[PDB]
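Trainee: Take a look at the following structure, please.
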Amino acid sequence: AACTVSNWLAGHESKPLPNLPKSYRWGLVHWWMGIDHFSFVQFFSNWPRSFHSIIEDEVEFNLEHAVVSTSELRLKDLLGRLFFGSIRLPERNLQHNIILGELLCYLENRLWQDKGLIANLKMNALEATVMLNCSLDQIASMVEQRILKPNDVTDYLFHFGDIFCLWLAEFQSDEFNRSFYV
RNA sequence: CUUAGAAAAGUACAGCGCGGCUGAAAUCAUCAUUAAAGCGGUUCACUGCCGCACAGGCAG
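Count the first sequence with the deposited numbering and you get residues 196 to 230, 236 to 351, 361 to 391, in order.
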């Protein structure tokens with residue numbers, strides 16, 4: 196079924212595929228090379249379980265083989281690759297970016313589990329701007345207003370749960386919207 | 001390119017004898033330091049066993 200992707204990239208039919216716009220299709224395969237053969241088609245077959253399972257295996261590898269500590273971990277150590285990678289994709293539309301939609305679904309639905317290990321990850325100011333689509337001066341403005349509460362230009366002073374909730378509260382857009390992915 | 005050119009002041013030495021600063025005194029009255037204040041563990045060192053132990057040892 197490796198030849199089916201040629202029809203899929205053309206932009207019609209392709210029932211086992213989500214028929215995204217051709218630009219996003221290309222971006223999706225751009226993601227896929229890093230993580236061109238027949239393995240592409242059946243990954244999207246039984247897609248929710250498959251994606252959740254690969255996220256399970258990556259998170260379990262990073263947690264079990266963690267080197268820093270059980271707590272005080274950083275995003276890159278635990279989720280950096282999968283997150284920081286898939287995020288910067290064309291347009292960033294949540295609905296069209298199926299990978300980011302499902303990643304945010306999983307992250308939000310597993311926030312505060314166990315001892316809130318995912319909701320207390322230390323994050324630096326740079327990745328906060330990357331995942332919020334915000335300026336450094338604006339970040340300084342909000343931290344001056346105490347919208348952001350540190351626990361510096363580049364320091365690990367924020368938390369993943371706080372930043373995610375700030376995105377949900379103040380950084381939702383017409384196309385970067387939660388309702389398009391729930 | 002120096003009032004340029006050059007130059008050994010060195011040998012000895014006993015300051016010694018004696019001494020009463022003494023008389024007198026009052027420092028001395030009064031006094032309001034007062035007002036106002038978060039230093040903050042979110043989990044983290046738990047639960048069993050032995051021994052008589054406010055003794056001391058076991059494990060997960």
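In this text, a Cβ means the ideal position worked out from N, Cα and C, and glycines have one as well.
1. Please go through the same chain and pick out, in chain order, the residues whose beta-carbon is closer than 8 angstroms to the beta-carbon of residue 361, but skip the five residues on each side of it.
2. How would you write the range of the alpha helix (DSSP H) that residue 199 sits in, first residue to last?
3. When you compare only the Cα positions, how much space is there between residue 248 and residue 302?
4. Residue range of the alpha helix (DSSP H) that residue 372 falls in?
5. State yes or no: is the C-beta of residue 275 within less than 8 angstroms of the C-beta of residue 266?
6. To which residues does DSSP link residue 274 through a beta bridge?
7. Cα separation between residue 367 and residue 237?
8. Roughly how many angstroms separate the alpha carbons of residue 232 and residue 198, rounded to a whole number?
9. Nearest to residue 312 by CA position, among 334, 370, 256, 379, is which residue?
10. What's the call for residue 203, buried or exposed, on a 16-neighbour Cβ count within 10 Å?
11. Using CA atoms only, rank isn't needed, just tell me which of 288, 271, 216 is closest to residue 330.
12. Taking only the alpha-carbon atoms, compute the straight-line gap between residue 379 and residue 315 and give it to the nearest angstrom.
13. Within its chain, find whatever has a CB closer than 6 angstroms to the CB of residue 250; leave out the 5 residues flanking it on each side and keep chain order.
14. How is the alpha helix (DSSP H) around residue 217 delimited, first residue to last?
15. Since residue 301 is in the alpha helix (DSSP H), which residue starts that stretch and which ends it?
16. Return the residue from the list 205, 372, 300, 319 that minimises the CA-CA distance to residue 252.
Mentor: The short version:
1. Against the first sequence, residue 361 aligns to sequence position 152. Contacts found: 325.
2. Translated into positions along the first sequence, residue 199 becomes position 4. Residues 199 to 205.
3. Walking along the first sequence from the start, residue 248 turns up at place 48. Walking along the first sequence from the start, residue 302 turns up at place 102. Answer to the nearest angstrom: the Cα atoms are 8 angstroms apart.
4. On the first sequence, position 163 is the one that residue 372 refers to. Segment 369 to 379, the alpha helix (DSSP H) holding residue 372.
5. Here residue 275 corresponds to residue number 75 of the first sequence, with the count starting at 1. Here residue 266 corresponds to residue number 66 of the first sequence, with the count starting at 1. No, they are not a contact pair.
6. In the first sequence, residue 274 corresponds to position 74, counting from 1. Per DSSP, 322.
7. Residue mapping note: residue 367 aligns to position 158 of the first sequence, counting from 1. Residue mapping note: residue 237 aligns to position 37 of the first sequence, counting from 1. Whole-angstrom Cα-Cα distance: 40 angstroms.
8. Not modelled: residue 232, which lies between 230 and 236, the two residues flanking a gap in the chain.
9. Here residue 312 refers to the residue found at position 112 of the first sequence. It is 370 whose Cα lies nearest to the Cα of residue 312.
10. Indexing the first sequence from 1 puts residue 203 at position 8. It counts as buried.
11. Your numbering for residue 330 matches position 130 in the first sequence. Ranking 288, 271, 216 by Cα distance to residue 330 puts 288 first.
12. The residue given as residue 379 occupies position 170 in the first sequence. The residue given as residue 315 occupies position 115 in the first sequence. Each residue's Cα considered, the two are about 26 angstroms apart.
13. As a first step, residue 250 is located in the first sequence; it is residue number 50 there, counting from the start. Excluding sequence neighbours, residue 250 sits near 243.
14. Stepping through the first sequence from its first residue, residue 217 is reached at position 22. Unbroken alpha helix (DSSP H) run through residue 217: 217 to 229.
15. Counting from 1 along the first sequence, the entry for residue 301 is found at position 101. 298 to 309 is the span of the alpha helix (DSSP H), which, as asked, contains residue 301.
16. Within the first sequence, numbered from 1, the residue matching residue 252 stands at position 52. That would be 300, whose Cα lies nearest to the Cα of residue 252.
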